[PDB]
Amino acid sequence: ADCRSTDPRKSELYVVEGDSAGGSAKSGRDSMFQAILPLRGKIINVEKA
Amino acid sequence: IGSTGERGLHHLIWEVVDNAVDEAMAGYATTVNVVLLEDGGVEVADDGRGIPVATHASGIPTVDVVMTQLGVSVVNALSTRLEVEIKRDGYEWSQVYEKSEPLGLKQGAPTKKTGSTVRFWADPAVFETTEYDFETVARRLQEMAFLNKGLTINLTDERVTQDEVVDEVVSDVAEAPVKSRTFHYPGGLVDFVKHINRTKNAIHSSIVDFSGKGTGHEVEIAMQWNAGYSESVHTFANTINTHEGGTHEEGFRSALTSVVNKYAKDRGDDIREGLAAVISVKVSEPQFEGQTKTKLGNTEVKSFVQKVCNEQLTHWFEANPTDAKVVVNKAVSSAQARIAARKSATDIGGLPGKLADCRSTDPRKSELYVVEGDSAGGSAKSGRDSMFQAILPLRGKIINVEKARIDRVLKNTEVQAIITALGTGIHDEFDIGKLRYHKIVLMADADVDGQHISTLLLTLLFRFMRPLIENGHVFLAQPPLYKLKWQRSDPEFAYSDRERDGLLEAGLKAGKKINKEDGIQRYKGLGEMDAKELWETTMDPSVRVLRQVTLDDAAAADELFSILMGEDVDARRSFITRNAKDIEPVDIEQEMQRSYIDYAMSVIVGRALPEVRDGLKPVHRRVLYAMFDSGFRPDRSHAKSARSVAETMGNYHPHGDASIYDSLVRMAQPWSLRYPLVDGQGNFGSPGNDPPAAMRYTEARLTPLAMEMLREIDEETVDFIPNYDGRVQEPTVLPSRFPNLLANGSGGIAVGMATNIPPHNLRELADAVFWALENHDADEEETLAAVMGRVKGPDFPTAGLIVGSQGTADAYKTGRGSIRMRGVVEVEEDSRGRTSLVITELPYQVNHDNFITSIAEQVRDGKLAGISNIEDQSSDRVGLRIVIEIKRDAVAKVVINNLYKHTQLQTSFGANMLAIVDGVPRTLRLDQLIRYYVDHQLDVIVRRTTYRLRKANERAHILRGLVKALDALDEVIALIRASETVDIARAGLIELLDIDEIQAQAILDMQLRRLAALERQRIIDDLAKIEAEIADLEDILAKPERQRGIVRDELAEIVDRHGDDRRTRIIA
Amino acid sequence: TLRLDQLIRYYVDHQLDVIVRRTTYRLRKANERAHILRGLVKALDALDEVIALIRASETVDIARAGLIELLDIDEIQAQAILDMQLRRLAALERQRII
Amino acid sequence: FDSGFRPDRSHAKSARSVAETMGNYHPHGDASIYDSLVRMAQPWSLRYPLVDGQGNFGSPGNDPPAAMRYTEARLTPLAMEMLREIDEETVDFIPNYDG
Amino acid sequence: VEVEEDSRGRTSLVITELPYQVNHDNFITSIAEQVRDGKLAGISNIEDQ
Ligand SMILES: Nc1ncnc2c1ncn2[C@@H]1O[C@H](COP(=O)(O)OP(=O)(O)NP(=O)(O)O)[C@@H](O)[C@H]1O
Ligand SMILES: [Mg+2]
């Protein structure tokens, strides 16, 4: 859910999980400089991987 | 007669009709009129010769002689009244029989015209039911006209309710600006095979027809071969369906095989594989053997039919060789396909651990019980008597064998399992000798699942295992209907509705105690019953009642199964819409019909269609009510979603939280409902691919609009019915003080039929309701004109645009129309001259995240061009912002146009005005939806006024009772103190003051705080307060036009505080 | 990870705690119910005057504070009397309270 | 216990006992709850069963129990001793999922 | 395990009890497969009575 702002200085990335606060973080945000990455699946354990 | 139930009750009709038709079969009667009467009788009129009226050999008229002997005599025997009108010998007669008593034949008017008429009323003191199945009757008469090439049969049903769908072809549209059917088939058996191969879709075009005159008989055969996978070879011996077989069948088969071998020299089950044929024999002295009274014995008929078939069959192949060629290219295909089918080390093979077989080696004393795994799997396996009972629990899904090829049938595990248990083969490999259990007891629930399974198995046994039914090895468990649960005594089990009252009264009268709300248990599932209960009530031979599945007409049963289980959706749809207001030998065609309708409707009402009155399916209704009754009103603070889900799950809808929360959420989502019924808190997803948060996290409560949906439900404004565990009462419909169906819309597909109603504006809808309220006495044609105009079209929450107004006017005037929807795109240039189209509005039901991707993948595969980027800049603060970057070479106007072309940015909404009107699925016009809602609202008001009057004359009685005690307080208090017990004090009150046991208990249960001066005056003033209300509601009842007004004003108020400005703009 | 004795003793210990926690609460409740019955029994002796008082006061709050002026008791004890249903003033039921 | 399903009183459908747990104590999917309910009802599972069931409660084989709408279940004389005087502040209490 | 017989003359071993937590139907299965695979010989038949 990318923000308007092109400049990374003023940009902001919010990493959620769609199941938790995806739908709502997407609504609440100042879309001018805020982007939402709702994690919609199972993340792996990258330790001994 | 055969049965005291429905099976035997119909046999009377056949015993009457069969005489009238075998008169037409003599060639004297042209038309037979069959009338199912409103009361309970049956009228069978005809234009035959006339029943012999004059005095017989005995001395009493021949009409009376035929009515009390061998036949039709049994009709009069089992009749409370049987009238016989005869038109013969230049005059017409009366002859009436009162409870089988031949009273007298009065000769009136001189009729030079011939015929007869029999009107008989069945005895309810003898039969369980006196209600005849129209479809059962309808089907058997249809074949009666097929067998006789020049006869008309006219069936009419009188007891048809004012509204109900009567039509054979139920119109997919409009339906607006006595069930009758006529049978006449000039083709004969030719017309019959056309009817058979209608759906089967035949290879060749030439129907084989030939007639064989006999030395004491007469045969007629019609044939056609199909693409289909089975033999539809229906046989008849004197209008009787010889389903078992007989010499005419085995003579035609000999002569048919000895004909297909002569034409194989040119260029068994094998041949027959395709064929749909009809053998119609006439035998002078026919005698039938068989386990059923069917199966023609007559050995000379074999030699006659084989001689007729030999000569006439070869002849067709000689004269029509071009079709004869495509016949053998199906027959030899059948051979090599089932040849290849044919074709392990130290194996038991006997169903590993998916069955629990009986100790008994002998099949004669052995019983197999086919149960559903989760239904009676464990309880049957344990309750049983292992010495002779086996349990095959079906742990899986059963295929709809009806149209499928024997390949997919035998693959399906649950089908494959059954065959392995019985031991007998399949079609060719089938040998009844190998039968391992001499009783097959199918046990399944009354629930929508159990009925769905019964249909599936009765389809299978009828097709792939017909001998098992005929020989009478297939049964149906008859489990208890009720469990009368006494407090001190052990429970008694009732199987009948009548039997319950029996044990209920007698038991109470004998001095027993039962709860008078939840005291009786109506079973729905076998899962309910304990192991012990299961043996004592439905498994033990010493107590049980079984139901023997008997086939009574295979040709009519072929029809029933080809409709409900077949591939013809429009025939099936129609049947459902017609039949919507719905030890012992049982008919297959009637169990199969009841089980189908019950399942068909449960899946229709439950998930497919909204009610016309309140627009909801039961789940939403049950969420809203559990919420209301739990007190999650808008005044009070939100409750965790889980709480509402739990309250619905535990009391009204006991199926997994899954669907319950899924509906709760939809009613909360402002992009889902035009007028949201739920007021949510937290993450309730997005119009993209974002789900809502867990039920444990989100919170919801009713909206003040949903409060109008519920408004005064507690005041007996709707009919309540007992919930799944008959512990509480659940409403059949919600009051709906605003028109929910049209206001919010409705979608849904289930069992062939689907609905798709759009959402509308409440303000525009109130206008049309006020018009209907006011202009209460106006024509369907005028009121439809008025509703359109007030209502200017659908008003989607997601807003957008409605392009044109034909599909809009279509769906209003018919009930089916296509509504074009478009999205609002704005254009904004950058800073570096880079233009970009920004989607601000998208049509209703288009998924946001699924849309962006569509464009992305369309651009990726070249189908979309001039697009360099897509961004979702949408938030709650800046609405929808799907930002499409367009190239500097590309023209923004054409890109906007190409998106309107390919993508979801433009999509037409297909409207379907389907709704459950009086339990009947119905396609409706805008005015009908309006007038049915006003109907509801006017009922709601009188009912509300009724309860209010009752619940006031109730209170006033008490208050008058209390006031009486306040003035007599010194006496009242000095009395109570002197009396030793409460009941002694209560008796003294009824003495002292002329009051009721209820007015006196009001005094006793009265707290001391209520005696302080202000509170006495509170009771004094309350009585005169309530007495003023009583005066009013008496008037409200008295004046119906005053109630019409209440509706208007109460609804204006709702649109004056909750109505809103039109979201989507209608354009052209 | 525990031996058999570790499990037996941790059990016994919890039962011994369950008893004291109960007895403490039972006693805590027994004195609560006692002061109430003490309140009502006191009111049963003055019953004539008690009844005379309640009806002589317009509101329940004048009657409540009047029920502490009359009988030397507390607001919880005075609310126990006011909420007393008339039925509880028949001979057998008055004897149940005493 | 809180819902009053003592062994004195008649059997309540499993769905009522399930809905209550899910309602204000454990707000998850009914399967996890009902599965626990069913275990305490099975005499081949618990040596001393805590649930007095009624209906198809599966088998020690591959037979599942019936739907929660069908089976009925209540507490056991022994499970009553497990809850013996919980109302009497014999144990510590904590606030539930919503509080 | 009890060992009944003298019916037709043929002997059989009837399992009257099984250790705690063995799935009955997965056990009958287990035996039957071993028998099909030859791994368990002598067993001519298995059934839940
Ligand atoms: N419309 C009719 N006109 C003249 N005679 C009739 C008519 N309908 C019935 N009958 C006569 O009524 C008689 C009595 O009926 P019934 O006892 O059923 O004998 P049946 O028809 O020979 N045998 P069944 O095969 O059992 O119907 C018949 O034998 C006919 O002769
Ligand atoms: Mg007859």
# chains A, B, ... in the order shown; residues from 1 in each chain; ligands from 1
>>> interface_residues(of="chain B", to="chain D", cutoff="7 Å", atoms="only C-alpha atoms", output="PDB file with C-alpha atoms, in the first residue's frame")
ATOM      1  CA  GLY B 373     -19.566 -41.855  10.207  1.00  0.00           C
ATOM      2  CA  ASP B 374     -20.196 -38.727  12.314  1.00  0.00           C
ATOM      3  CA  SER B 375     -23.908 -39.563  12.629  1.00  0.00           C
ATOM      4  CA  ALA B 376     -24.150 -43.061  14.206  1.00  0.00           C
ATOM      5  CA  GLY B 377     -20.636 -44.480  13.471  1.00  0.00           C
ATOM      6  CA  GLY B 378     -19.636 -45.000  17.138  1.00  0.00           C
ATOM      7  CA  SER B 379     -23.111 -45.507  18.707  1.00  0.00           C
ATOM      8  CA  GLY B 525     -30.025 -36.381  14.459  1.00  0.00           C
ATOM      9  CA  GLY B 527     -26.010 -38.356  16.942  1.00  0.00           C
ATOM     10  CA  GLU B 528     -28.410 -37.268  19.775  1.00  0.00           C
ATOM     11  CA  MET B 529     -29.293 -40.791  20.906  1.00  0.00           C
ATOM     12  CA  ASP B 530     -27.156 -42.732  23.402  1.00  0.00           C
ATOM     13  CA  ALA B 531     -25.818 -46.228  22.480  1.00  0.00           C
ATOM     14  CA  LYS B 640     -16.190  -8.380  22.112  1.00  0.00           C
ATOM     15  CA  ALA B 642     -16.732 -13.484  20.315  1.00  0.00           C
ATOM     16  CA  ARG B 643     -19.534 -12.726  22.843  1.00  0.00           C
ATOM     17  CA  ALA B 646     -21.002 -17.335  21.101  1.00  0.00           C
ATOM     18  CA  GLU B 647     -24.560 -16.183  21.926  1.00  0.00           C
ATOM     19  CA  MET B 649     -23.735 -20.320  18.279  1.00  0.00           C
ATOM     20  CA  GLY B 650     -25.000 -21.597  21.620  1.00  0.00           C
ATOM     21  CA  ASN B 651     -28.669 -20.618  21.316  1.00  0.00           C
ATOM     22  CA  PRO B 654     -25.055 -24.283  16.526  1.00  0.00           C
ATOM     23  CA  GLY B 656     -18.861 -23.433  13.913  1.00  0.00           C
ATOM     24  CA  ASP B 657     -18.027 -19.679  14.593  1.00  0.00           C
ATOM     25  CA  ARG B 696     -11.446 -12.116  20.206  1.00  0.00           C
TER      26      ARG B 696
END
>>> residues_near_ligand(ligand="ligand 1", cutoff="6 Å", atoms="only C-alpha atoms and all ligand atoms", output="list in words")
residues 15, 19, 20, 48, 49, 50, 51, 66, 70, 71, 72, 73 and 116 of chain B
>>> interface_residues(of="chain B", to="chain C", cutoff="12 Å", atoms="only C-alpha atoms", output="PDB file with C-alpha atoms, in the first residue's frame")
ATOM      1  CA  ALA B 965     -54.460  -3.213  49.674  1.00  0.00           C
ATOM      2  CA  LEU B 966     -52.966   0.359  50.221  1.00  0.00           C
ATOM      3  CA  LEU B 969     -53.094  -1.335  54.597  1.00  0.00           C
ATOM      4  CA  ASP B 970     -53.719  -1.406  58.402  1.00  0.00           C
ATOM      5  CA  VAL B 972     -53.533  -5.952  55.192  1.00  0.00           C
ATOM      6  CA  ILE B 973     -50.427  -5.678  57.475  1.00  0.00           C
ATOM      7  CA  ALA B 974     -52.196  -6.711  60.774  1.00  0.00           C
ATOM      8  CA  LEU B 975     -53.614  -9.693  58.777  1.00  0.00           C
ATOM      9  CA  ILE B 976     -50.205 -10.931  57.362  1.00  0.00           C
ATOM     10  CA  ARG B 977     -48.533 -10.618  60.835  1.00  0.00           C
ATOM     11  CA  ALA B 978     -51.297 -12.719  62.534  1.00  0.00           C
ATOM     12  CA  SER B 979     -51.188 -15.482  59.811  1.00  0.00           C
ATOM     13  CA  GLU B 980     -48.501 -18.182  60.409  1.00  0.00           C
ATOM     14  CA  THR B 981     -47.616 -19.250  56.846  1.00  0.00           C
ATOM     15  CA  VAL B 982     -47.459 -17.358  53.494  1.00  0.00           C
ATOM     16  CA  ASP B 983     -50.286 -19.475  51.963  1.00  0.00           C
ATOM     17  CA  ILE B 984     -52.397 -18.853  55.115  1.00  0.00           C
ATOM     18  CA  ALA B 985     -51.610 -15.111  54.661  1.00  0.00           C
ATOM     19  CA  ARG B 986     -52.535 -15.316  50.911  1.00  0.00           C
ATOM     20  CA  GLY B 988     -56.639 -14.265  54.171  1.00  0.00           C
ATOM     21  CA  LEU B 989     -56.033 -11.628  51.457  1.00  0.00           C
ATOM     22  CA  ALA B1000     -52.742 -11.269  46.308  1.00  0.00           C
ATOM     23  CA  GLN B1001     -49.274 -12.635  45.407  1.00  0.00           C
ATOM     24  CA  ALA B1002     -48.455  -9.100  44.100  1.00  0.00           C
ATOM     25  CA  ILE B1003     -49.251  -7.873  47.665  1.00  0.00           C
ATOM     26  CA  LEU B1004     -47.177 -10.578  49.369  1.00  0.00           C
ATOM     27  CA  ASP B1005     -44.136 -10.307  47.116  1.00  0.00           C
ATOM     28  CA  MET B1006     -44.285  -6.486  47.651  1.00  0.00           C
ATOM     29  CA  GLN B1007     -41.205  -4.902  49.305  1.00  0.00           C
ATOM     30  CA  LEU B1008     -41.418  -2.639  52.374  1.00  0.00           C
ATOM     31  CA  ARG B1009     -39.736   0.296  50.542  1.00  0.00           C
ATOM     32  CA  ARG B1010     -42.865   0.487  48.242  1.00  0.00           C
ATOM     33  CA  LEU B1011     -44.948   1.488  51.368  1.00  0.00           C
ATOM     34  CA  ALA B1012     -43.270   4.978  51.786  1.00  0.00           C
ATOM     35  CA  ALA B1013     -45.749   7.839  50.885  1.00  0.00           C
ATOM     36  CA  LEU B1014     -44.162   8.778  47.424  1.00  0.00           C
ATOM     37  CA  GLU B1015     -44.084   5.070  46.329  1.00  0.00           C
ATOM     38  CA  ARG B1016     -47.738   4.560  47.397  1.00  0.00           C
ATOM     39  CA  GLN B1017     -48.596   7.572  45.156  1.00  0.00           C
ATOM     40  CA  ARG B1018     -46.345   6.035  42.459  1.00  0.00           C
TER      41      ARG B1018
END
>>> closest_atom_pairs(of="chain E", to="chain B", cutoff="12 Å", atoms="only C-alpha atoms", output="tab-separated table")
residue	atom	partner	partner_atom	distance
E:7	CA	B:361	CA	11.2
E:8	CA	B:361	CA	11.2
E:14	CA	B:359	CA	11.9
E:23	CA	B:353	CA	10.5
E:24	CA	B:353	CA	8.3
E:25	CA	B:353	CA	4.9
E:26	CA	B:353	CA	6.9
E:27	CA	B:353	CA	8.2
E:28	CA	B:353	CA	5.7
E:29	CA	B:352	CA	5.3
E:30	CA	B:352	CA	8.9
E:31	CA	B:352	CA	9.0
E:32	CA	B:352	CA	6.3
E:33	CA	B:352	CA	8.4
E:34	CA	B:347	CA	9.8
E:35	CA	B:346	CA	6.8
E:36	CA	B:347	CA	5.0
E:37	CA	B:345	CA	7.5
E:38	CA	B:346	CA	6.9
E:39	CA	B:346	CA	10.4
E:40	CA	B:346	CA	9.9
E:41	CA	B:346	CA	8.7
E:42	CA	B:346	CA	10.0
E:43	CA	B:348	CA	8.8
E:44	CA	B:348	CA	6.8
E:45	CA	B:348	CA	5.6
E:46	CA	B:348	CA	7.3
E:47	CA	B:357	CA	6.5
E:48	CA	B:356	CA	4.8
E:49	CA	B:386	CA	5.5
>>> interface_residues(of="chain D", to="chain C", cutoff="8 Å", atoms="only C-alpha atoms", output="PyMOL selection string")
chain D and resi 85+88-91
>>> interface_residues(of="chain B", to="chain A", cutoff="6 Å", atoms="only C-alpha atoms", output="MDAnalysis selection string")
chainID B and resid 683 685:686 690:691 693 872:873 875:876
>>> write_last_selection(atoms="C-alpha atoms", output="PDB file, in the first residue's frame")
ATOM      1  CA  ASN B 683     -10.011  -4.120  12.037  1.00  0.00           C
ATOM      2  CA  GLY B 685     -10.760  -5.750   6.861  1.00  0.00           C
ATOM      3  CA  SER B 686     -10.832  -3.652   3.663  1.00  0.00           C
ATOM      4  CA  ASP B 690      -7.399  -7.692   3.930  1.00  0.00           C
ATOM      5  CA  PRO B 691      -9.321  -9.856   6.400  1.00  0.00           C
ATOM      6  CA  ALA B 693      -9.097  -9.153  12.951  1.00  0.00           C
ATOM      7  CA  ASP B 872      -2.723   2.460  -3.747  1.00  0.00           C
ATOM      8  CA  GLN B 873      -2.726   5.852  -2.051  1.00  0.00           C
ATOM      9  CA  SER B 875      -6.780   6.071   3.159  1.00  0.00           C
ATOM     10  CA  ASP B 876      -9.832   6.970   5.306  1.00  0.00           C
TER      11      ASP B 876
END
>>> residues_around(residues="residue 464 (chain B)", least_positions_apart="5", cutoff="9 Å", atoms="only C-alpha atoms", output="JSON, numbers by chain")
{"B": [401, 406, 426, 427, 459]}
>>> select_by_dssp(residues="region 710-845 of chain B", states="strand (DSSP E)", output="PyMOL selection string")
chain B and resi 720-722+729-731+746-750+753-757+801-803+816-822+825-828+836-839
>>> write_last_selection(atoms="N, CA and C atoms", output="JSON list (two decimals), in the first residue's frame")
[["chain", "number", "residue", "atom", "x", "y", "z"],
["B", 720, "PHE", "N", -42.71, -16.56, 16.66],
["B", 720, "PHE", "CA", -41.48, -17.20, 17.13],
["B", 720, "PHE", "C", -41.71, -18.68, 17.01],
["B", 721, "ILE", "N", -40.62, -19.41, 16.90],
["B", 721, "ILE", "CA", -40.60, -20.85, 16.74],
["B", 721, "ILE", "C", -39.50, -21.38, 17.65],
["B", 722, "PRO", "N", -39.58, -22.63, 18.13],
["B", 722, "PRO", "CA", -38.53, -23.11, 19.02],
["B", 722, "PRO", "C", -37.16, -23.30, 18.29],
["B", 729, "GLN", "N", -37.15, -19.43, 22.23],
["B", 729, "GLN", "CA", -37.94, -19.10, 21.05],
["B", 729, "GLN", "C", -37.11, -18.18, 20.15],
["B", 730, "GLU", "N", -36.99, -18.51, 18.85],
["B", 730, "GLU", "CA", -36.29, -17.67, 17.88],
["B", 730, "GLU", "C", -37.28, -17.06, 16.85],
["B", 731, "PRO", "N", -37.17, -15.74, 16.48],
["B", 731, "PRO", "CA", -38.15, -15.17, 15.54],
["B", 731, "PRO", "C", -37.98, -15.65, 14.11],
["B", 746, "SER", "N", -29.46, -8.03, -1.56],
["B", 746, "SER", "CA", -29.28, -9.45, -1.25],
["B", 746, "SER", "C", -28.77, -10.27, -2.42],
["B", 747, "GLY", "N", -27.75, -11.07, -2.17],
["B", 747, "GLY", "CA", -27.19, -12.01, -3.12],
["B", 747, "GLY", "C", -27.35, -13.43, -2.60],
["B", 748, "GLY", "N", -26.97, -14.43, -3.40],
["B", 748, "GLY", "CA", -27.06, -15.82, -2.98],
["B", 748, "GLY", "C", -27.46, -16.84, -4.03],
["B", 749, "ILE", "N", -26.63, -17.90, -4.15],
["B", 749, "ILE", "CA", -26.86, -19.03, -5.04],
["B", 749, "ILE", "C", -26.88, -20.29, -4.18],
["B", 750, "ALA", "N", -27.85, -21.19, -4.45],
["B", 750, "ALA", "CA", -28.04, -22.52, -3.85],
["B", 750, "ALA", "C", -29.18, -23.32, -4.48],
["B", 753, "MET", "N", -31.18, -22.27, -8.02],
["B", 753, "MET", "CA", -31.68, -20.89, -8.09],
["B", 753, "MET", "C", -30.88, -19.87, -7.23],
["B", 754, "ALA", "N", -30.67, -18.69, -7.83],
["B", 754, "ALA", "CA", -29.93, -17.57, -7.28],
["B", 754, "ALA", "C", -30.71, -16.26, -7.29],
["B", 755, "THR", "N", -30.41, -15.40, -6.29],
["B", 755, "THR", "CA", -30.93, -14.04, -6.13],
["B", 755, "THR", "C", -29.77, -13.05, -6.19],
["B", 756, "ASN", "N", -30.06, -11.81, -6.61],
["B", 756, "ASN", "CA", -29.13, -10.70, -6.71],
["B", 756, "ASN", "C", -29.93, -9.39, -6.76],
["B", 757, "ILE", "N", -30.30, -8.88, -5.58],
["B", 757, "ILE", "CA", -31.05, -7.65, -5.40],
["B", 757, "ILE", "C", -30.05, -6.49, -5.10],
["B", 801, "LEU", "N", -21.21, 5.19, -10.55],
["B", 801, "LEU", "CA", -22.14, 5.65, -11.57],
["B", 801, "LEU", "C", -22.94, 4.47, -12.11],
["B", 802, "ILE", "N", -24.22, 4.71, -12.47],
["B", 802, "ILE", "CA", -25.12, 3.75, -13.11],
["B", 802, "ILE", "C", -25.32, 4.31, -14.52],
["B", 803, "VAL", "N", -24.71, 3.67, -15.52],
["B", 803, "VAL", "CA", -24.81, 4.10, -16.92],
["B", 803, "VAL", "C", -26.12, 3.57, -17.53],
["B", 816, "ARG", "N", -35.63, -9.33, -13.42],
["B", 816, "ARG", "CA", -34.37, -9.72, -14.03],
["B", 816, "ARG", "C", -34.02, -8.61, -15.01],
["B", 817, "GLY", "N", -32.86, -8.00, -14.79],
["B", 817, "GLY", "CA", -32.27, -6.95, -15.63],
["B", 817, "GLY", "C", -30.79, -6.73, -15.37],
["B", 818, "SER", "N", -29.99, -6.31, -16.40],
["B", 818, "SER", "CA", -28.55, -6.03, -16.24],
["B", 818, "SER", "C", -28.23, -4.53, -16.13],
["B", 819, "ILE", "N", -27.73, -4.14, -14.95],
["B", 819, "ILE", "CA", -27.43, -2.77, -14.52],
["B", 819, "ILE", "C", -25.96, -2.38, -14.71],
["B", 820, "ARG", "N", -25.61, -1.62, -15.80],
["B", 820, "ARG", "CA", -24.21, -1.20, -16.02],
["B", 820, "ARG", "C", -23.68, -0.24, -14.95],
["B", 821, "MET", "N", -22.52, -0.57, -14.37],
["B", 821, "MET", "CA", -21.85, 0.26, -13.36],
["B", 821, "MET", "C", -20.46, 0.71, -13.85],
["B", 822, "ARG", "N", -20.09, 1.98, -13.55],
["B", 822, "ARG", "CA", -18.82, 2.60, -13.91],
["B", 822, "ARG", "C", -18.19, 3.34, -12.73],
["B", 825, "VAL", "N", -13.07, 8.38, -12.38],
["B", 825, "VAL", "CA", -11.65, 8.64, -12.56],
["B", 825, "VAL", "C", -11.43, 10.14, -12.74],
["B", 826, "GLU", "N", -10.43, 10.67, -12.04],
["B", 826, "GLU", "CA", -10.06, 12.07, -12.09],
["B", 826, "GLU", "C", -8.68, 12.15, -12.69],
["B", 827, "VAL", "N", -8.34, 13.29, -13.29],
["B", 827, "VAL", "CA", -7.04, 13.47, -13.91],
["B", 827, "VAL", "C", -6.27, 14.56, -13.19],
["B", 828, "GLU", "N", -5.01, 14.26, -12.83],
["B", 828, "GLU", "CA", -4.09, 15.18, -12.15],
["B", 828, "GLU", "C", -2.69, 15.12, -12.74],
["B", 836, "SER", "N", -1.42, 11.57, -14.66],
["B", 836, "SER", "CA", -1.75, 10.31, -14.01],
["B", 836, "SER", "C", -3.24, 10.24, -13.67],
["B", 837, "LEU", "N", -3.91, 9.18, -14.15],
["B", 837, "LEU", "CA", -5.32, 8.96, -13.84],
["B", 837, "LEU", "C", -5.43, 8.40, -12.41],
["B", 838, "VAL", "N", -6.34, 8.96, -11.62],
["B", 838, "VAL", "CA", -6.54, 8.55, -10.24],
["B", 838, "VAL", "C", -7.99, 8.09, -10.07],
["B", 839, "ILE", "N", -8.20, 6.78, -9.81],
["B", 839, "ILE", "CA", -9.53, 6.19, -9.57],
["B", 839, "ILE", "C", -9.96, 6.64, -8.19]]
>>> atom_distance(atom1="CA of residue 286 (chain B)", atom2="CA of residue 474 (chain B)")
28.7 Å
>>> atom_distance(atom1="CA of residue 252 (chain B)", atom2="CA of residue 316 (chain B)")
14.9 Å
>>> atom_distance(atom1="CA of residue 458 (chain B)", atom2="CA of residue 539 (chain B)")
20.7 Å
>>> select_by_dssp(residues="region 1-88 of chain D", states="alpha helix (DSSP H)", output="short mmCIF file (atom, residue, chain, number, x, y, z; two decimals) with C-alpha atoms, in the first residue's frame")
data_model
loop_
_atom_site.label_atom_id
_atom_site.label_comp_id
_atom_site.auth_asym_id
_atom_site.auth_seq_id
_atom_site.Cartn_x
_atom_site.Cartn_y
_atom_site.Cartn_z
CA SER D 14 -22.53 -29.63 23.86
CA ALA D 15 -22.95 -26.40 21.77
CA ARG D 16 -24.24 -24.58 24.97
CA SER D 17 -21.16 -25.67 27.03
CA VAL D 18 -18.90 -24.89 23.96
CA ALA D 19 -20.52 -21.49 23.33
CA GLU D 20 -20.06 -20.53 26.96
CA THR D 21 -16.31 -21.38 27.09
CA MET D 22 -15.78 -19.63 23.69
CA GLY D 23 -18.06 -16.82 24.87
CA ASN D 24 -16.24 -15.47 27.90
CA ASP D 30 -15.22 -24.27 18.55
CA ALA D 31 -13.25 -27.41 17.34
CA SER D 32 -10.39 -26.91 19.85
CA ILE D 33 -12.98 -26.47 22.69
CA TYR D 34 -15.41 -29.28 21.69
CA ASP D 35 -12.48 -31.63 21.17
CA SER D 36 -11.40 -31.03 24.78
CA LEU D 37 -15.07 -31.38 25.89
CA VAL D 38 -15.28 -34.71 24.00
CA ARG D 39 -12.07 -36.02 25.56
CA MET D 40 -13.35 -35.59 29.03
CA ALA D 41 -16.53 -37.46 27.96
CA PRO D 77 -20.05 -36.54 40.21
CA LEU D 78 -16.17 -36.65 40.18
CA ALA D 79 -15.81 -33.41 38.13
CA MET D 80 -18.03 -31.83 40.78
CA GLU D 81 -15.32 -32.69 43.37
CA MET D 82 -12.87 -30.99 40.95
#
